[PDB]
Structure formats: structure tokens, C-alpha cells
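Inside the fold
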Amino acid sequence: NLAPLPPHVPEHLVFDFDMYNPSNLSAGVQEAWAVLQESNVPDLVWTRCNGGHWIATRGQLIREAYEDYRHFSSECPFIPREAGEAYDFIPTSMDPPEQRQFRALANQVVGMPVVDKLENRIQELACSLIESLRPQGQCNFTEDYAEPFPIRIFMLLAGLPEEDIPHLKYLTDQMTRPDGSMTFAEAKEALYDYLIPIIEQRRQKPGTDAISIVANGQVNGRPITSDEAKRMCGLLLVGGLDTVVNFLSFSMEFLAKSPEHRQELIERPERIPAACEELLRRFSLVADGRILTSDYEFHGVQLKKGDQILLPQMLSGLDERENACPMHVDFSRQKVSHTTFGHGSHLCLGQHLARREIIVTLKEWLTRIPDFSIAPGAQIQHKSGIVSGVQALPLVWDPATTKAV
Ligand code: MNR
Ligand SMILES: [K+]
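Cut-offs applied
- Residues numbered from 1 in each chain as written, not as in the entry; some residues may be left out.
- Chains lettered and ligands numbered in written order.
- Heavy atoms only, no water.
- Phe/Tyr/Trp six-rings, centres within 6.5 Å; stacked < 30°, edge-to-face > 60°.
- Buried < 20%, exposed > 50% of the residue type's maximum accessible area, 1.4 Å probe, protein only.
- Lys NZ or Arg CZ within 6 Å of the ring centre and 35° of its normal.
- Core = buried A, V, L, I, M, F, W, Y, C linked by side-chain atoms within 4.5 Å.
- Contact = heavy atoms within 4.5 Å.
- Helix = DSSP H or I, 4+ residues; strand = E, 2+ residues; numbered from the N terminus.
- Pairing = 2+ DSSP bridges.
- Donors = N, O, S within 2.8 Å, 3.2 Å for Na, K, Ca; no water.

Structure determination for this entry is recorded as X-ray crystallography, at 1.70 Å resolution.

As C-alpha cells, then:
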């Protein structure tokens, strides 16, 4: 339903886009969001859906708003408002200056030196899962690889048992793509219910896992509190369970549909890192936002204190103002412009882990199963929300074209 139009919003700016179920979803999720960049649509629109909020539809505005934390605060970063109010993860619910101290700690557990440490296990897991699928000539890519690969890596890093995956994956999905069985607040409280005892145990008897490190950590030279450690670990769970998992499916759907692009990477594997970046642009998948701290005139539009603004990280890279022919995938694209890992002071801390996972997947998949397709007759369905995804991805191939390594 449509929330009543606030007095301060002019009617010519109304465009009733539903971030949780966009009109054009069947064309693909990125395509559905790109409707916001059609020629009739203003740079900044108001939607009456999901309680009413602004949407910045172009890279220039999205980047500018992410840079200006004084006007656009992270305190309430999710739509709808109830979700944004309940949201208290660290560092993503905080603005600078307070935010900054927590980034170093998060970097300790998911940043580059740690990725380098885990590089062998990452490689070994990808190779193992792919080799197991290889002789079958088919898989359901979402459950058979997209989920277990990044998630088992995360559970290893976090020292959490793999038997907990179904529960934690259900909870994380309710925060980004709710099926309506749980409010954001209920899902967050259930995640915290899971974490509270584990954090307590690991502050008492620290191990070497990520939860132990965060829970016994210091922030700018003082001890982290139990509460802070909880709000940081909650964020890490969501990052581990509902980002790379979805992106891998978008990428492998594309490669399955594009023999020419697979061939390019098979023949030119040095281009895989560049291909990763271009896929990250084309199949960008996150959309959160900010809350106005004061009345503010932004690009000729009067924003009111307390108004929410969706700043879709997804849209910057799809904006033809940033990238010529933005819906075309070009691994040789000269300046790949995107905000897929965010922009400003909250730039993704997991991005090195994500890239390693993506690049390892592409290299190890294409080495063993170079030639694959969507199952004949299958219709791939996307899903939209704070993080967008792929419902299911049935792939097929001829085992005779495969290679065991
Ligand atoms: C397990 C760890 C993580 C993984 C894997 C991961 C993977 C990915 C990923 C995969 C393709 C994409 C796309 C992605 C996208 C983002 N990510 Mn990431 N992410 N991500 C974090 C951990 C992780 N991410 C953390 C922690 C922050 C918060 C930094 C801060 O607020 O100061 C963050 C922040 C962000 C933001 C900024 C949100 C904002 O400004 O409100 C975006 C966008
Ligand atoms: K909040």
C-alpha cells in the first residue's frame, strides 16, 4: 500500500517503486531497479511504498550522499523505518567519528592478512565442492555451491558448527529479504540470542576464531564491551551468509547464458580479476540508505529531517552516466565505475574476502567445468530487498567435456 504523501514532497517527484517487490522483477533484478534510470524519471524521487522514502537514482547523488554523513546518517540505514530503527549493528549503524574505532577490529578478523591466511582452505574447499559436482553433469547452483562455499568458509573463520547453517541462514535472510514470518527486529533478536552465550564463553576462554578475536578485542586502546562485540559479530554473520552467496549466483547465471564470455575467460584466464570487477558492477546487489539529520536542500529537492533516503549501491555502476552501455558485460571495460562495496566511510571491510572467493570460484569452476548452460526450459527468478538474490539456478553440462584437477 501507499503511505500518504507528506506535505513537503511535490507530486511530480512521486515514483512508487517497491524495493522488496519491484514491478519489472521478471526481467531480472538489476533490470527492475534500472527502471529508476529511464528518461522520464527524476534524479531523486519519492516512493510511497514501504512507509515512504526518497530514492537517489544516479551514481553522482548516491556517492555524494554516502560522502556527506553529516546530513545523511547511518543511524537508521534500512527501509522500512521499523527495520532502520531496530538496526544497531556495528560499525554500520554508527557515523564518524564514533564509527571509526570499530573498523580496525573488524579488519583484524575479515581483512587482507586473514584472507591470505585462509587462502589455502578457500582454494581447497572450492576445488572439493566443484570436483564433487563435476561428474554429475548438473547441479542446483544456489544450494550446491553458492551457499556452502562462502558460508562454510565463514563458519570456519568464526569457529561455528556447520550444523548451525540452516538456522543462521534463515535469520539472515529475514533481515534482507523478509518472507513476512519475522520482523527485522525479531530476526535480529534471534541472531543476538544465538550469539550472546558464544560471546560469553569466548571472553572467558578465548580461542583463535573471529568471534573470540572481536569479543576480546580493543577499540582505540580500550576493551570492547560484550554488547559491542555482539553488535559487531551480528554484522559479520550477515556479511558471511548473505552477500557473496547471492553474487556468485548472479555471476554463474550470466556465464551459463553467455558462451562467448566463458570462452574469453577459458582462453584468457589472466582476465579473471578484471571479469570479477565487471561482474561486481553489472550484478551489483546491495541497497541500503541513510536518514536525514536536518532539513537539507539536495540537488534542488527539499529533504526533511528524519526522512529516509535509499541510496542503492547497486545503481551507481548501472548508471549510463558512469558507464557506457551499462547493461553490457565487457571484461575489457576501461574504467569500471561502481559502488558495489559501498562508498565513503563505510566501505566494505569484507571486500578482499569476497573478491578472493569470487576469483577462486571462477578460476576453479572454469578449469574443471568450462562448458555449462542453464537447464533446458528453466526460468530463472530473482528476488529483491536490501540484498538481492537468485531463487534457484539449475545448471547442466556434459561430463565428457569436464576435467578432473
Ligand atoms: C564476512 C564479512 C563480509 C563480507 C563477506 C562482505 C561482502 C560484501 C559483498 C559481497 C559481494 C558486497 C557486495 C558487500 C557490500 C557492502 N558491505 Mn560488505 N559486502 N561489509 C562488511 C563485511 C562483509 N562484507 C562489514 C563489517 C561492513 C561495515 C563497514 C562499516 O560499516 O564501517 C560492510 C559494509 C558493506 C557495505 C556498506 C553499507 C553501508 O554503507 O551502509 C556494502 C555496500
Ligand atoms: K537504528
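Having seen the model, we can carry on.
Details of the packing of aromatic side chains
In the structure shown here, the tally under the stated rule is 18 aromatic pairs. A centroid spacing of 5.1 Å and a plane angle of 80° characterise the contact between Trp46 and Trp54, whose relative ring orientation is edge-to-face. Residue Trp46 shares its accessibility class with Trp54, and that shared class is buried. Ring geometry for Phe78 against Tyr87: centres 4.6 Å apart, planes inclined by 45°, an arrangement best described as tilted. Within the aromatic cluster, the residues linked to one another by ring pairs are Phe141, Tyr145, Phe149, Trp365, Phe372 and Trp397. Positioned above the aromatic ring of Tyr192, the side-chain terminus of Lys230 is 4.2 Å from the ring centre.

Re the nonpolar core
One finds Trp33, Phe141, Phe149, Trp365, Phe372 and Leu395 to be the most contacted residues of the largest nonpolar core, which totals 129 residues. Apart from the residues lying within four places of it in its own chain, the contact partners of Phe141 are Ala146, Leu248, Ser249, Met252, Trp365, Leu393 and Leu395.

Regarding the pairing of strand β10 (residues 308-311)
Here β10 shows two buried faces, one formed by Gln308 and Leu310 and the other by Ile309 and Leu311. As paired strands, strand β2 (residues 53-56) and β10 are joined by two bridges and run parallel to one another. Directly across from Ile55, in β10, lies its bridge partner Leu310.

Thoughts on the sheet that holds strand β11 (residues 373-374)
Read from one edge to the other, the open sheet built from three strands follows the order β4-β14-β11, with strand pairing classed as antiparallel. Two strands close off the open sheet at either side, each with one partner strand: β4 (138-140) and β11. Note: β11 against strand β14 (residues 394-396), two bridges, orientation antiparallel. Bridge pairing in β14 places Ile374 opposite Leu395.

Side note on the coordination of the manganese atom of ligand 1
Six octahedral donors at a metal ideally form angles of 90 or 180 degrees, and four tetrahedral donors ideally form angles of 109.5 degrees. Looking at the protein side alone, the manganese atom of ligand 1 has one donor only, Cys348 (SG), at 2.5 Å. Residue position: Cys348 is located in the loop between α15 (313-318) and α16 (351-368).

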